[PDB]
$ cat structure.cif   # mmCIF, N, CA, C and O atoms
data_model
#
loop_
_atom_site.label_atom_id
_atom_site.label_comp_id
_atom_site.auth_asym_id
_atom_site.auth_seq_id
_atom_site.Cartn_x
_atom_site.Cartn_y
_atom_site.Cartn_z
N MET A 1 14.60 20.40 25.84
CA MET A 1 15.19 19.86 24.58
C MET A 1 14.17 18.97 23.85
O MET A 1 12.98 19.03 24.11
N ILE A 2 14.63 18.15 22.94
CA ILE A 2 13.69 17.27 22.19
C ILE A 2 13.30 16.06 23.05
O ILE A 2 14.03 15.67 23.94
N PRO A 3 12.16 15.50 22.74
CA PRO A 3 11.67 14.32 23.49
C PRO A 3 12.46 13.07 23.11
O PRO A 3 13.39 13.13 22.32
N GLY A 4 12.11 11.94 23.66
CA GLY A 4 12.84 10.69 23.34
C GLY A 4 11.84 9.54 23.21
O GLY A 4 11.73 8.70 24.08
N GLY A 5 11.11 9.50 22.13
CA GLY A 5 10.11 8.42 21.94
C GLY A 5 9.08 8.86 20.90
O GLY A 5 9.29 9.81 20.18
N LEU A 6 7.97 8.18 20.82
CA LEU A 6 6.93 8.57 19.83
C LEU A 6 6.14 9.78 20.34
O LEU A 6 6.43 10.32 21.39
N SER A 7 5.15 10.19 19.61
CA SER A 7 4.33 11.35 20.02
C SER A 7 3.32 10.95 21.10
O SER A 7 3.50 9.98 21.81
N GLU A 8 2.26 11.70 21.22
CA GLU A 8 1.22 11.38 22.24
C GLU A 8 0.39 10.17 21.81
O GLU A 8 0.90 9.19 21.32
N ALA A 9 -0.88 10.26 22.00
CA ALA A 9 -1.79 9.15 21.61
C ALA A 9 -3.25 9.63 21.63
O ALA A 9 -3.77 10.02 22.65
N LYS A 10 -3.90 9.61 20.50
CA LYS A 10 -5.31 10.08 20.44
C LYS A 10 -6.22 8.96 19.94
O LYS A 10 -5.75 7.95 19.45
N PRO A 11 -7.51 9.17 20.05
CA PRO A 11 -8.49 8.17 19.58
C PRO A 11 -8.46 8.10 18.05
O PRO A 11 -7.92 8.96 17.39
N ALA A 12 -9.02 7.07 17.49
CA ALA A 12 -9.01 6.95 16.00
C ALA A 12 -10.38 7.25 15.40
O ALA A 12 -11.37 6.61 15.72
N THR A 13 -10.44 8.19 14.50
CA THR A 13 -11.73 8.53 13.84
C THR A 13 -11.88 7.66 12.58
O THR A 13 -11.09 6.75 12.38
N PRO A 14 -12.86 7.95 11.76
CA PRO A 14 -13.05 7.15 10.53
C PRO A 14 -11.92 7.45 9.54
O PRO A 14 -11.44 6.58 8.84
N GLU A 15 -11.48 8.68 9.49
CA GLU A 15 -10.39 9.06 8.57
C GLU A 15 -9.12 8.29 8.95
O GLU A 15 -8.47 7.67 8.14
N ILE A 16 -8.79 8.35 10.20
CA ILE A 16 -7.58 7.64 10.70
C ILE A 16 -7.76 6.16 10.46
O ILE A 16 -6.83 5.44 10.16
N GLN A 17 -8.98 5.69 10.57
CA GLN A 17 -9.24 4.26 10.33
C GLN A 17 -9.15 3.99 8.83
O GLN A 17 -8.94 2.87 8.40
N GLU A 18 -9.26 5.02 8.04
CA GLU A 18 -9.15 4.86 6.59
C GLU A 18 -7.67 4.82 6.26
O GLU A 18 -7.20 4.04 5.46
N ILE A 19 -6.93 5.66 6.93
CA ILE A 19 -5.46 5.68 6.75
C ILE A 19 -4.97 4.24 6.80
O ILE A 19 -4.21 3.79 5.96
N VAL A 20 -5.44 3.49 7.75
CA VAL A 20 -5.04 2.07 7.83
C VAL A 20 -5.60 1.35 6.62
O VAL A 20 -4.90 0.71 5.89
N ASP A 21 -6.87 1.51 6.37
CA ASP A 21 -7.50 0.89 5.19
C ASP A 21 -6.77 1.29 3.92
O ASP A 21 -6.96 0.72 2.87
N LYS A 22 -5.95 2.29 4.01
CA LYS A 22 -5.20 2.76 2.82
C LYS A 22 -4.10 1.76 2.48
O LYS A 22 -3.96 1.33 1.35
N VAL A 23 -3.34 1.38 3.46
CA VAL A 23 -2.25 0.39 3.21
C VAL A 23 -2.47 -0.84 4.07
O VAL A 23 -1.76 -1.82 3.94
N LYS A 24 -3.47 -0.83 4.91
CA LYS A 24 -3.73 -2.05 5.71
C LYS A 24 -4.37 -3.13 4.83
O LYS A 24 -4.15 -4.30 5.07
N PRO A 25 -5.10 -2.75 3.79
CA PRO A 25 -5.65 -3.79 2.89
C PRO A 25 -4.46 -4.40 2.19
O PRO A 25 -4.29 -5.60 2.13
N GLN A 26 -3.59 -3.55 1.73
CA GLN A 26 -2.35 -4.04 1.09
C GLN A 26 -1.52 -4.73 2.17
O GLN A 26 -0.94 -5.77 1.96
N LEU A 27 -1.52 -4.16 3.35
CA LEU A 27 -0.79 -4.80 4.47
C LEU A 27 -1.25 -6.24 4.54
O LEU A 27 -0.48 -7.18 4.52
N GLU A 28 -2.54 -6.42 4.59
CA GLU A 28 -3.13 -7.76 4.62
C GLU A 28 -2.65 -8.56 3.40
O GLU A 28 -2.25 -9.70 3.52
N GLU A 29 -2.71 -7.97 2.24
CA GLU A 29 -2.27 -8.69 1.01
C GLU A 29 -0.75 -8.60 0.85
O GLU A 29 -0.20 -9.01 -0.15
N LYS A 30 -0.06 -8.08 1.83
CA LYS A 30 1.41 -7.97 1.73
C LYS A 30 2.06 -9.17 2.39
O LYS A 30 2.82 -9.90 1.78
N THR A 31 1.73 -9.42 3.62
CA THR A 31 2.28 -10.60 4.30
C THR A 31 1.23 -11.69 4.21
O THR A 31 1.14 -12.56 5.05
N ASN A 32 0.41 -11.61 3.18
CA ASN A 32 -0.68 -12.58 3.00
C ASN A 32 -1.28 -12.87 4.35
O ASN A 32 -1.75 -13.95 4.64
N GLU A 33 -1.27 -11.87 5.20
CA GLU A 33 -1.82 -12.06 6.56
C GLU A 33 -3.19 -11.38 6.68
O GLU A 33 -3.38 -10.25 6.27
N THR A 34 -4.14 -12.06 7.26
CA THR A 34 -5.50 -11.46 7.43
C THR A 34 -5.76 -11.16 8.91
O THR A 34 -5.19 -11.80 9.78
N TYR A 35 -6.59 -10.21 9.21
CA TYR A 35 -6.86 -9.88 10.63
C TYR A 35 -8.29 -10.28 11.02
O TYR A 35 -8.50 -11.11 11.88
N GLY A 36 -9.27 -9.68 10.40
CA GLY A 36 -10.68 -10.03 10.74
C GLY A 36 -11.53 -8.76 10.82
O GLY A 36 -12.45 -8.66 11.60
N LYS A 37 -11.24 -7.81 10.00
CA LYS A 37 -12.02 -6.54 9.99
C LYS A 37 -11.88 -5.79 11.32
O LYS A 37 -12.74 -5.88 12.18
N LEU A 38 -10.82 -5.06 11.49
CA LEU A 38 -10.63 -4.31 12.76
C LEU A 38 -11.03 -2.84 12.60
O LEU A 38 -11.17 -2.34 11.50
N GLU A 39 -11.19 -2.16 13.69
CA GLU A 39 -11.56 -0.73 13.64
C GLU A 39 -10.54 0.07 14.45
O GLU A 39 -9.96 -0.42 15.39
N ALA A 40 -10.29 1.30 14.09
CA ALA A 40 -9.28 2.10 14.84
C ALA A 40 -9.85 2.67 16.13
O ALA A 40 -10.91 3.26 16.16
N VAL A 41 -9.13 2.50 17.21
CA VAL A 41 -9.59 3.05 18.51
C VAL A 41 -8.65 4.19 18.91
O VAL A 41 -9.02 5.09 19.64
N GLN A 42 -7.44 4.15 18.42
CA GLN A 42 -6.46 5.23 18.75
C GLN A 42 -5.35 5.25 17.69
O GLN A 42 -5.31 4.41 16.81
N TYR A 43 -4.46 6.19 17.76
CA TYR A 43 -3.36 6.24 16.75
C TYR A 43 -2.39 7.38 17.05
O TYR A 43 -2.48 8.05 18.06
N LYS A 44 -1.46 7.59 16.16
CA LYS A 44 -0.47 8.70 16.35
C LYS A 44 0.17 9.04 15.01
O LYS A 44 -0.40 8.84 13.95
N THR A 45 1.38 9.51 15.06
CA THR A 45 2.12 9.85 13.82
C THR A 45 3.61 9.85 14.15
O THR A 45 4.00 10.18 15.25
N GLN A 46 4.44 9.48 13.23
CA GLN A 46 5.88 9.46 13.53
C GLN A 46 6.59 10.61 12.80
O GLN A 46 6.00 11.65 12.56
N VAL A 47 7.83 10.44 12.45
CA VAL A 47 8.56 11.52 11.73
C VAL A 47 9.84 10.97 11.08
O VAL A 47 10.79 10.64 11.75
N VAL A 48 9.86 10.87 9.78
CA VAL A 48 11.08 10.35 9.09
C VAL A 48 11.30 11.10 7.77
O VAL A 48 11.24 12.32 7.72
N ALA A 49 11.50 10.40 6.69
CA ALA A 49 11.68 11.07 5.37
C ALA A 49 10.29 11.34 4.78
O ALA A 49 10.04 11.16 3.60
N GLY A 50 9.40 11.73 5.63
CA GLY A 50 7.99 12.00 5.24
C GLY A 50 7.20 12.07 6.53
O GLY A 50 7.48 12.85 7.42
N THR A 51 6.24 11.23 6.66
CA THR A 51 5.44 11.20 7.91
C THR A 51 4.77 9.83 8.07
O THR A 51 3.86 9.49 7.35
N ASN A 52 5.22 9.04 9.01
CA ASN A 52 4.60 7.69 9.19
C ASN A 52 3.46 7.76 10.20
O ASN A 52 3.47 8.56 11.11
N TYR A 53 2.47 6.93 10.05
CA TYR A 53 1.34 6.95 11.01
C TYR A 53 1.29 5.64 11.77
O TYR A 53 1.80 4.62 11.34
N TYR A 54 0.63 5.66 12.90
CA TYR A 54 0.48 4.44 13.74
C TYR A 54 -0.98 4.35 14.19
O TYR A 54 -1.44 5.17 14.96
N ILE A 55 -1.72 3.40 13.69
CA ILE A 55 -3.16 3.33 14.09
C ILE A 55 -3.45 2.10 14.93
O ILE A 55 -3.19 0.98 14.54
N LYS A 56 -4.03 2.30 16.08
CA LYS A 56 -4.39 1.15 16.95
C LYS A 56 -5.78 0.66 16.56
O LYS A 56 -6.76 1.36 16.73
N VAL A 57 -5.89 -0.52 16.02
CA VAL A 57 -7.23 -1.00 15.60
C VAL A 57 -7.72 -2.10 16.54
O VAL A 57 -6.96 -2.90 17.02
N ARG A 58 -9.00 -2.16 16.78
CA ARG A 58 -9.53 -3.23 17.66
C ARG A 58 -9.61 -4.52 16.86
O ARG A 58 -9.29 -4.54 15.69
N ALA A 59 -10.01 -5.58 17.46
CA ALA A 59 -10.08 -6.86 16.68
C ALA A 59 -11.10 -7.83 17.27
O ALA A 59 -10.76 -8.91 17.69
N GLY A 60 -12.34 -7.45 17.29
CA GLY A 60 -13.38 -8.37 17.83
C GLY A 60 -14.13 -7.69 18.96
O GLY A 60 -14.59 -8.32 19.89
N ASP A 61 -14.22 -6.42 18.87
CA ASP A 61 -14.92 -5.64 19.93
C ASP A 61 -14.22 -5.84 21.26
O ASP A 61 -14.75 -5.55 22.31
N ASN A 62 -13.02 -6.34 21.22
CA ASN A 62 -12.27 -6.56 22.48
C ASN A 62 -10.76 -6.71 22.23
O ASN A 62 -9.96 -6.30 23.04
N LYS A 63 -10.37 -7.28 21.13
CA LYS A 63 -8.91 -7.43 20.87
C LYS A 63 -8.41 -6.18 20.18
O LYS A 63 -9.16 -5.26 19.92
N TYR A 64 -7.14 -6.10 19.89
CA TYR A 64 -6.64 -4.87 19.24
C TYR A 64 -5.51 -5.17 18.26
O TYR A 64 -5.09 -6.30 18.07
N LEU A 65 -5.01 -4.14 17.64
CA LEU A 65 -3.91 -4.27 16.66
C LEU A 65 -3.18 -2.93 16.56
O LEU A 65 -3.49 -1.98 17.24
N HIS A 66 -2.21 -2.86 15.70
CA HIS A 66 -1.45 -1.60 15.51
C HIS A 66 -0.75 -1.66 14.16
O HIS A 66 0.14 -2.45 13.96
N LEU A 67 -1.14 -0.88 13.20
CA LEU A 67 -0.48 -1.03 11.90
C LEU A 67 0.02 0.31 11.38
O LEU A 67 -0.24 1.36 11.93
N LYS A 68 0.81 0.25 10.36
CA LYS A 68 1.43 1.47 9.81
C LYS A 68 0.72 2.04 8.59
O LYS A 68 -0.06 1.38 7.93
N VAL A 69 1.07 3.25 8.27
CA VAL A 69 0.54 3.93 7.07
C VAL A 69 1.50 5.07 6.74
O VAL A 69 1.25 6.21 7.04
N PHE A 70 2.63 4.75 6.15
CA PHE A 70 3.63 5.81 5.85
C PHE A 70 3.24 6.62 4.62
O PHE A 70 2.79 6.10 3.63
N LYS A 71 3.44 7.91 4.70
CA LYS A 71 3.10 8.80 3.55
C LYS A 71 4.38 9.47 3.03
O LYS A 71 4.82 10.47 3.56
N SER A 72 4.96 8.92 2.01
CA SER A 72 6.21 9.51 1.45
C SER A 72 5.99 10.96 1.01
O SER A 72 5.50 11.78 1.76
N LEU A 73 6.35 11.29 -0.20
CA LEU A 73 6.17 12.68 -0.69
C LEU A 73 5.63 12.64 -2.11
O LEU A 73 5.67 11.63 -2.77
N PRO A 74 5.13 13.76 -2.54
CA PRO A 74 4.55 13.87 -3.90
C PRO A 74 5.63 13.72 -4.96
O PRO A 74 5.50 13.00 -5.93
N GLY A 75 6.69 14.43 -4.78
CA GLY A 75 7.82 14.40 -5.76
C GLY A 75 8.33 12.97 -6.02
O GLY A 75 9.13 12.76 -6.91
N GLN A 76 7.91 12.00 -5.26
CA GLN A 76 8.42 10.62 -5.52
C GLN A 76 7.31 9.56 -5.41
O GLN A 76 6.77 9.14 -6.42
N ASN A 77 6.99 9.11 -4.23
CA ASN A 77 5.96 8.05 -4.10
C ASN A 77 4.84 8.47 -3.14
O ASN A 77 4.40 7.69 -2.32
N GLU A 78 4.39 9.69 -3.25
CA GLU A 78 3.31 10.24 -2.39
C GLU A 78 2.43 9.15 -1.82
O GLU A 78 2.02 9.18 -0.68
N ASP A 79 2.12 8.19 -2.63
CA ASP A 79 1.26 7.06 -2.17
C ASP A 79 1.67 6.63 -0.76
O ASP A 79 2.69 7.05 -0.24
N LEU A 80 0.89 5.82 -0.13
CA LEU A 80 1.23 5.38 1.26
C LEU A 80 2.02 4.07 1.25
O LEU A 80 2.19 3.44 0.23
N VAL A 81 2.51 3.67 2.40
CA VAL A 81 3.30 2.41 2.48
C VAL A 81 3.34 1.91 3.93
O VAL A 81 3.46 2.68 4.86
N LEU A 82 3.23 0.63 4.12
CA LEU A 82 3.25 0.07 5.50
C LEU A 82 4.68 -0.15 5.98
O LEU A 82 5.45 -0.88 5.38
N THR A 83 5.04 0.46 7.07
CA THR A 83 6.41 0.28 7.61
C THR A 83 6.44 -0.86 8.64
O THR A 83 7.48 -1.40 8.95
N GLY A 84 5.30 -1.24 9.19
CA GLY A 84 5.30 -2.34 10.19
C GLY A 84 3.96 -2.34 10.92
O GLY A 84 3.35 -1.32 11.12
N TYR A 85 3.48 -3.48 11.31
CA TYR A 85 2.18 -3.48 11.99
C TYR A 85 2.15 -4.39 13.22
O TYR A 85 3.17 -4.74 13.78
N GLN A 86 0.97 -4.72 13.67
CA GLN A 86 0.83 -5.55 14.89
C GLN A 86 -0.50 -6.32 14.85
O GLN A 86 -1.42 -5.94 14.16
N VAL A 87 -0.60 -7.39 15.59
CA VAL A 87 -1.85 -8.17 15.60
C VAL A 87 -2.54 -8.08 16.95
O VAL A 87 -2.81 -7.02 17.47
N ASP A 88 -2.85 -9.20 17.53
CA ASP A 88 -3.55 -9.22 18.84
C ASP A 88 -2.65 -8.68 19.96
O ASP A 88 -2.49 -9.31 20.99
N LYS A 89 -2.08 -7.52 19.78
CA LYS A 89 -1.22 -6.96 20.85
C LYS A 89 -2.09 -6.68 22.08
O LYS A 89 -3.16 -7.24 22.22
N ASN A 90 -1.66 -5.83 22.96
CA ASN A 90 -2.49 -5.55 24.16
C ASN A 90 -2.54 -4.04 24.43
O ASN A 90 -2.13 -3.24 23.61
N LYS A 91 -3.03 -3.65 25.57
CA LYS A 91 -3.11 -2.20 25.90
C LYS A 91 -1.79 -1.72 26.50
O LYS A 91 -1.37 -0.59 26.29
N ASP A 92 -1.13 -2.56 27.24
CA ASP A 92 0.16 -2.17 27.86
C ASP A 92 1.33 -2.61 26.99
O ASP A 92 2.43 -2.82 27.47
N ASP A 93 1.12 -2.76 25.71
CA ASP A 93 2.21 -3.18 24.81
C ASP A 93 3.08 -1.97 24.43
O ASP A 93 2.80 -0.85 24.80
N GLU A 94 4.13 -2.20 23.68
CA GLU A 94 5.01 -1.07 23.28
C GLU A 94 4.72 -0.68 21.83
O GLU A 94 4.15 -1.44 21.08
N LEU A 95 5.12 0.50 21.43
CA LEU A 95 4.86 0.93 20.02
C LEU A 95 6.15 1.40 19.35
O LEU A 95 6.32 1.27 18.16
N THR A 96 7.05 1.95 20.11
CA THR A 96 8.33 2.44 19.52
C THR A 96 9.31 1.28 19.35
O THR A 96 8.98 0.13 19.58
N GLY A 97 10.52 1.57 18.94
CA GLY A 97 11.52 0.48 18.75
C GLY A 97 10.87 -0.69 18.01
O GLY A 97 11.17 -1.84 18.26
N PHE A 98 9.97 -0.40 17.11
CA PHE A 98 9.28 -1.49 16.35
C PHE A 98 9.23 -1.13 14.86
O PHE A 98 9.01 0.03 14.56
#
$ encode --input "structure.cif" --output "C-alpha coordinates"
Amino acid sequence: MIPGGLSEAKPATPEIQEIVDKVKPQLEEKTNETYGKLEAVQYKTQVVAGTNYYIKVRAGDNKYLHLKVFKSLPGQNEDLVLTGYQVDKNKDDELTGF
(Lines of atoms letter the chains of each structure in order from A and count residues from 1; the text may use other names and numbers.)
(Lines give C-alpha, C1' and ligand atoms only; values in the text may rest on other atoms or scores of the structure.)
Protein backbone atom coordinates (compact mmCIF):
# COMPACT_ATOMS: atom_id res chain seq x y z
CA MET A 1 0.00 0.00 0.00
CA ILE A 2 1.10 3.65 0.37
CA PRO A 3 3.95 4.63 2.69
CA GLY A 4 3.49 6.64 5.90
CA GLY A 5 5.99 9.52 6.10
CA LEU A 6 8.23 11.64 3.85
CA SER A 7 10.18 10.32 0.86
CA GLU A 8 13.78 9.04 0.90
CA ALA A 9 16.79 11.32 1.35
CA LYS A 10 19.50 12.30 -1.16
CA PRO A 11 22.52 14.61 -1.14
CA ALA A 12 22.07 18.27 -2.13
CA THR A 13 23.60 19.54 -5.39
CA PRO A 14 24.01 23.21 -6.39
CA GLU A 15 20.55 23.25 -8.00
CA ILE A 16 18.91 21.89 -4.86
CA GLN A 17 20.95 24.40 -2.91
CA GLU A 18 19.55 27.04 -5.23
CA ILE A 19 16.03 25.84 -4.57
CA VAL A 20 16.66 26.97 -1.00
CA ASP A 21 18.31 30.17 -2.21
CA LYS A 22 15.06 30.63 -4.12
CA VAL A 23 12.89 31.18 -1.05
CA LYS A 24 15.53 30.82 1.66
CA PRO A 25 16.73 34.39 0.99
CA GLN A 26 13.13 35.45 1.39
CA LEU A 27 12.91 32.91 4.22
CA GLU A 28 15.69 34.87 5.87
CA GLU A 29 13.90 38.16 5.09
CA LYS A 30 10.58 36.57 6.11
CA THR A 31 11.10 35.87 9.79
CA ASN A 32 13.79 38.54 9.72
CA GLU A 33 15.91 35.57 10.70
CA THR A 34 19.49 35.13 9.42
CA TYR A 35 21.49 31.88 9.32
CA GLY A 36 25.10 32.50 8.21
CA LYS A 37 25.45 31.33 4.59
CA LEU A 38 24.64 27.59 4.68
CA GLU A 39 25.12 24.99 1.95
CA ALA A 40 22.86 22.03 1.06
CA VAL A 41 24.15 18.59 2.04
CA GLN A 42 20.93 16.63 1.47
CA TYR A 43 17.21 17.14 0.71
CA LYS A 44 13.94 15.58 -0.49
CA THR A 45 10.50 16.53 -1.80
CA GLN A 46 6.99 16.36 -0.37
CA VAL A 47 3.54 16.19 -2.02
CA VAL A 48 0.57 18.56 -1.56
CA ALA A 49 -1.32 21.04 -3.80
CA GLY A 50 1.88 21.20 -5.85
CA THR A 51 5.26 19.94 -4.72
CA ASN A 52 7.11 21.07 -1.56
CA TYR A 53 10.86 20.57 -1.16
CA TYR A 54 13.01 19.96 1.92
CA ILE A 55 16.70 20.92 1.76
CA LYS A 56 19.19 20.07 4.52
CA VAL A 57 21.79 22.86 4.60
CA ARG A 58 25.00 22.86 6.64
CA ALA A 59 25.87 25.82 8.86
CA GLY A 60 29.59 26.31 9.53
CA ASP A 61 31.19 23.31 7.88
CA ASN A 62 29.72 21.36 10.79
CA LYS A 63 26.26 22.59 11.81
CA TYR A 64 23.14 22.06 9.71
CA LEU A 65 19.66 23.33 8.86
CA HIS A 66 16.50 22.32 6.98
CA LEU A 67 14.33 24.73 5.04
CA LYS A 68 11.42 24.66 2.64
CA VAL A 69 10.89 25.60 -1.00
CA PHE A 70 7.28 24.98 -2.06
CA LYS A 71 6.47 25.20 -5.78
CA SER A 72 2.76 25.98 -6.36
CA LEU A 73 1.52 25.88 -9.96
CA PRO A 74 1.76 28.04 -13.07
CA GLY A 75 -1.97 28.69 -13.33
CA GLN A 76 -1.74 30.56 -9.99
CA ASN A 77 1.48 31.30 -8.06
CA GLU A 78 4.08 29.11 -9.84
CA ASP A 79 6.64 31.09 -7.88
CA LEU A 80 8.10 29.31 -4.83
CA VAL A 81 7.13 29.69 -1.16
CA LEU A 82 8.60 28.63 2.21
CA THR A 83 6.30 26.29 4.16
CA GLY A 84 8.66 25.91 7.17
CA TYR A 85 12.35 25.62 7.93
CA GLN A 86 14.93 24.72 10.58
CA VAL A 87 18.13 26.09 12.13
CA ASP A 88 20.96 24.37 14.02
CA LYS A 89 19.03 21.07 14.01
CA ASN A 90 21.01 17.82 14.11
CA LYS A 91 21.52 14.61 12.10
CA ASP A 92 19.13 12.48 14.17
CA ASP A 93 16.42 15.17 14.12
CA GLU A 94 12.93 14.72 12.62
CA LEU A 95 11.65 16.21 9.34
CA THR A 96 7.98 15.19 9.05
CA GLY A 97 5.14 16.40 11.30
CA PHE A 98 6.80 19.82 10.91
$ residues_around --input "structure.cif" --residues "residue 67 in chain A" --least-positions-apart "3" --cutoff "7 Å" --atoms "only N, CA, C and O atoms" --output "MDAnalysis selection string"
chainID A and resid 20 53:57 82:87
$ atom_distance --input "structure.cif" --atom1 "CA of residue 65 in chain A" --atom2 "atom C of residue 3 in chain A"
24.7 Å
$ axis_aligned_box --input "structure.cif" --around "range 27-41 of chain A" --padding-each-side "5 Å" --output "lines of an AutoDock Vina configuration file"
center_x = -5.0
center_y = -4.4
center_z = 9.7
size_x = 25.6
size_y = 29.0
size_z = 29.8
$ residues_around --input "structure.cif" --residues "residue 64 in chain A" --least-positions-apart "4" --cutoff "9 Å" --atoms "only C-alpha atoms" --output "list in words"
residues 38, 39, 40, 41, 56, 57, 58, 59, 60, 86, 87, 88, 89, 90 and 91 of chain A
$ closest_residue --input "structure.cif" --among "A:52, A:70, A:63, A:45" --to "residue 5 in chain A" --atoms "all atoms listed in the file"
A:45
$ closest_residue --input "structure.cif" --among "A:27, A:73, A:1, A:80" --to "residue 49 in chain A" --atoms "only C-alpha atoms"
A:73
$ decode --input "structure.cif" --residues "range 50-75 of chain A" --atoms "N, CA, C and O atoms" --output "mmCIF file, in the first residue's frame"
data_model
loop_
_atom_site.group_PDB
_atom_site.id
_atom_site.type_symbol
_atom_site.label_atom_id
_atom_site.label_comp_id
_atom_site.auth_asym_id
_atom_site.auth_seq_id
_atom_site.Cartn_x
_atom_site.Cartn_y
_atom_site.Cartn_z
ATOM 1 N N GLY A 50 0.754 20.818 -4.964
ATOM 2 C CA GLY A 50 1.878 21.205 -5.846
ATOM 3 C C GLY A 50 3.020 20.265 -5.514
ATOM 4 O O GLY A 50 2.897 19.059 -5.597
ATOM 5 N N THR A 51 4.111 20.803 -5.105
ATOM 6 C CA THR A 51 5.264 19.944 -4.721
ATOM 7 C C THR A 51 6.191 20.712 -3.778
ATOM 8 O O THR A 51 6.865 21.637 -4.177
ATOM 9 N N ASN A 52 6.224 20.343 -2.525
ATOM 10 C CA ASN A 52 7.107 21.065 -1.565
ATOM 11 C C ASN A 52 8.483 20.409 -1.506
ATOM 12 O O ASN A 52 8.617 19.216 -1.679
ATOM 13 N N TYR A 53 9.509 21.170 -1.249
ATOM 14 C CA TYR A 53 10.857 20.572 -1.163
ATOM 15 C C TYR A 53 11.403 20.719 0.254
ATOM 16 O O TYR A 53 10.975 21.566 1.022
ATOM 17 N N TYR A 54 12.368 19.912 0.576
ATOM 18 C CA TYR A 54 13.011 19.962 1.921
ATOM 19 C C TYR A 54 14.525 19.895 1.726
ATOM 20 O O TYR A 54 15.054 18.884 1.309
ATOM 21 N N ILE A 55 15.232 20.959 1.984
ATOM 22 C CA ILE A 55 16.704 20.916 1.756
ATOM 23 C C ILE A 55 17.485 20.993 3.067
ATOM 24 O O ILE A 55 17.323 21.908 3.851
ATOM 25 N N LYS A 56 18.359 20.051 3.289
ATOM 26 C CA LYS A 56 19.188 20.072 4.524
ATOM 27 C C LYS A 56 20.444 20.895 4.250
ATOM 28 O O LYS A 56 21.273 20.519 3.444
ATOM 29 N N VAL A 57 20.591 22.024 4.880
ATOM 30 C CA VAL A 57 21.785 22.857 4.605
ATOM 31 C C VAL A 57 22.750 22.817 5.787
ATOM 32 O O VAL A 57 22.349 22.770 6.922
ATOM 33 N N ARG A 58 24.022 22.864 5.528
ATOM 34 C CA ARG A 58 25.005 22.859 6.640
ATOM 35 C C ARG A 58 25.055 24.258 7.236
ATOM 36 O O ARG A 58 24.382 25.157 6.780
ATOM 37 N N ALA A 59 25.824 24.454 8.254
ATOM 38 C CA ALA A 59 25.869 25.819 8.858
ATOM 39 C C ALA A 59 27.187 26.070 9.585
ATOM 40 O O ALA A 59 27.215 26.297 10.777
ATOM 41 N N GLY A 60 28.274 26.047 8.877
ATOM 42 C CA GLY A 60 29.586 26.306 9.535
ATOM 43 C C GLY A 60 30.521 25.136 9.306
ATOM 44 O O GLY A 60 31.369 24.823 10.116
ATOM 45 N N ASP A 61 30.344 24.492 8.216
ATOM 46 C CA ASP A 61 31.186 23.313 7.885
ATOM 47 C C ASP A 61 31.003 22.244 8.950
ATOM 48 O O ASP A 61 31.783 21.320 9.065
ATOM 49 N N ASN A 62 29.969 22.366 9.732
ATOM 50 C CA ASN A 62 29.724 21.359 10.794
ATOM 51 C C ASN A 62 28.276 21.392 11.290
ATOM 52 O O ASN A 62 27.715 20.374 11.640
ATOM 53 N N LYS A 63 27.662 22.538 11.330
ATOM 54 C CA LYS A 63 26.256 22.592 11.810
ATOM 55 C C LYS A 63 25.328 22.343 10.633
ATOM 56 O O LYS A 63 25.773 22.152 9.519
ATOM 57 N N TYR A 64 24.048 22.324 10.851
ATOM 58 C CA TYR A 64 23.143 22.063 9.715
ATOM 59 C C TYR A 64 21.829 22.833 9.841
ATOM 60 O O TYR A 64 21.593 23.562 10.784
ATOM 61 N N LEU A 65 20.977 22.656 8.873
ATOM 62 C CA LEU A 65 19.660 23.335 8.858
ATOM 63 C C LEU A 65 18.696 22.531 7.986
ATOM 64 O O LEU A 65 19.030 21.486 7.465
ATOM 65 N N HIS A 66 17.511 23.023 7.819
ATOM 66 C CA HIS A 66 16.503 22.322 6.978
ATOM 67 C C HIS A 66 15.427 23.326 6.584
ATOM 68 O O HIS A 66 14.686 23.797 7.414
ATOM 69 N N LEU A 67 15.340 23.718 5.349
ATOM 70 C CA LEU A 67 14.328 24.735 5.036
ATOM 71 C C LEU A 67 13.446 24.303 3.882
ATOM 72 O O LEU A 67 13.675 23.304 3.231
ATOM 73 N N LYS A 68 12.392 25.029 3.683
ATOM 74 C CA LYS A 68 11.415 24.663 2.640
ATOM 75 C C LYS A 68 11.574 25.434 1.337
ATOM 76 O O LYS A 68 12.204 26.469 1.263
ATOM 77 N N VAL A 69 10.918 24.936 0.332
ATOM 78 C CA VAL A 69 10.892 25.599 -0.996
ATOM 79 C C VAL A 69 9.681 25.054 -1.746
ATOM 80 O O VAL A 69 9.799 24.191 -2.588
ATOM 81 N N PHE A 70 8.506 25.518 -1.408
ATOM 82 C CA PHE A 70 7.278 24.984 -2.065
ATOM 83 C C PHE A 70 7.087 25.570 -3.462
ATOM 84 O O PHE A 70 7.288 26.746 -3.697
ATOM 85 N N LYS A 71 6.690 24.738 -4.386
ATOM 86 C CA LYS A 71 6.467 25.200 -5.782
ATOM 87 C C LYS A 71 4.990 25.027 -6.150
ATOM 88 O O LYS A 71 4.557 23.959 -6.533
ATOM 89 N N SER A 72 4.216 26.069 -6.026
ATOM 90 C CA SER A 72 2.764 25.975 -6.357
ATOM 91 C C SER A 72 2.560 25.533 -7.809
ATOM 92 O O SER A 72 3.104 24.538 -8.248
ATOM 93 N N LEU A 73 1.772 26.254 -8.552
ATOM 94 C CA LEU A 73 1.520 25.875 -9.964
ATOM 95 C C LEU A 73 1.571 27.127 -10.835
ATOM 96 O O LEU A 73 1.511 28.230 -10.338
ATOM 97 N N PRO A 74 1.685 26.912 -12.108
ATOM 98 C CA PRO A 74 1.760 28.042 -13.071
ATOM 99 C C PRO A 74 0.441 28.798 -13.119
ATOM 100 O O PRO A 74 0.389 30.012 -13.075
ATOM 101 N N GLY A 75 -0.615 28.070 -13.237
ATOM 102 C CA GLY A 75 -1.971 28.688 -13.326
ATOM 103 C C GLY A 75 -2.261 29.626 -12.149
ATOM 104 O O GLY A 75 -3.248 30.335 -12.157
#
